[PDB]
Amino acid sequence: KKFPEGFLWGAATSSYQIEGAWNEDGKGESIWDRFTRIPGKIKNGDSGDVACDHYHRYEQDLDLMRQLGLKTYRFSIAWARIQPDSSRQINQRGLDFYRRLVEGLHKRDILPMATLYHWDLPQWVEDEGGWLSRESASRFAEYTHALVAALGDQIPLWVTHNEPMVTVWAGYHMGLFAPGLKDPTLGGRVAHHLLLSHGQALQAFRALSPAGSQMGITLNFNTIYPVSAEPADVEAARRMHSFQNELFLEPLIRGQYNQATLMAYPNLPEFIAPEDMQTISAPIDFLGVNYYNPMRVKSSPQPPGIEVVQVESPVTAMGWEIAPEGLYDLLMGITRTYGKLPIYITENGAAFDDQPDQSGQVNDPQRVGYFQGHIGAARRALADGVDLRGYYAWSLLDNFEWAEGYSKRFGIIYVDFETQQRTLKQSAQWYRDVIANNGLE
């Protein structure tokens, strides 16, 4: 029941969601600073201007990580702190923050995992076309080269992108996230440039070859189950799996786009230059997996022939179905289809309505139950042949949940956003025990 000796138990955050200090120390505007100034885009008119004030309070947060016994901590780097503007010059204050963070993690025997892109693109890159422009892949490789030259052999695990599917769908299909475009026909072009950027960043990492360091990419998935045993539902579920879950894995591992992807974006081949699929599919050291919930699908007569069916219970405060077997099935499916490559679960967690009691304690037994089921499913996957190397709870801290603002709390540590006081929730106390036992009770 114990996990393997050396298994990496961690927790995760991202830069826009926790840092604040949005206009301090020379930091440039990101697309999410601009996006959050748009009236109507964010619940309650919330922004990441202050968030958890972690840029200033990072030493308090380092000590909370040490109190839990974390073996590793996943954060993202704010590109706009590093290259604030179109001169491309490096901001040394911004780079120094991440150096001090990484030095503090090592001082406490916590292994850094850094995500280079967790959605907060600098507005200057957006001004030069953002992910619609092929040239943004070269900007992202230059940013990667600067960070890996500066910190490579101090950060043993690097991730290029976080959730490129969400950037495509939310950022360009639906306009729900920055930069707010609403043109489904752009998705393939954007997906290709996100992939190309990962490939070019990976080439820059291999050329630097930092000692003891590894690089991968983080993808999110929703395990697909048909609503019935009927052939049409089974077919719709297979088609939805290929698109929803394999749009990025198929080119990353096999160097081709799948048929569901090419049908969805018929103009995709126009963006593919002769060396691009080889660049995109060069070998990664590990895959980061983000998982929260499955999707349940049925066939429809209306295009596009697929309907996602909503589930009313059991759900989190996001309305996301709780089904830990979806994590087991996702991990086994990736491993059988694409081979036994190293995997880290780089996000898994849940939002519930947390409230301090009269005594000031935050007891979140539903969140405990979510982790108990999901960590158990991940252990079964590992026993059944998945090369699972670590698990990162989303999130270390309650934080800015994008268009939901501060209405949704995913932390194992409660944050009072008025006073910045942090309180370990029951789930953090429980997870400390899991880490110390190297497994469930």
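One rule holds for the numbers: they count along the sequence shown, beginning at 1.
120-128 and 300-308 differ in mean CA B-factor, and the higher of the two is recorded for 300-308. Looking at 412-420 and 375-383 together, the entry lists the larger mean B-factor for 412-420, computed on C-alpha atoms. Of the candidates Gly104, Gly199, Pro294, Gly360, the PDB record gives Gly360 the highest C-alpha temperature factor. The residue among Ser407, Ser47, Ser30, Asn399 whose C-alpha carries the highest B-factor in the deposited model is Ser407. When the modelled residues of the chain are ordered by C-alpha B-factor, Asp285 sits in the lowest third. Among the modelled residues of its chain, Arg37 has a C-alpha B-factor that falls in the highest third, as given in the PDB entry. The deposited CA B-factor of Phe75 belongs to the lowest third of values across its chain. When the modelled residues of the chain are ordered by C-alpha B-factor, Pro164 sits in the lowest third. The entry lists a Cα temperature factor for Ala149 that places it in the middle third of the chain's modelled residues.
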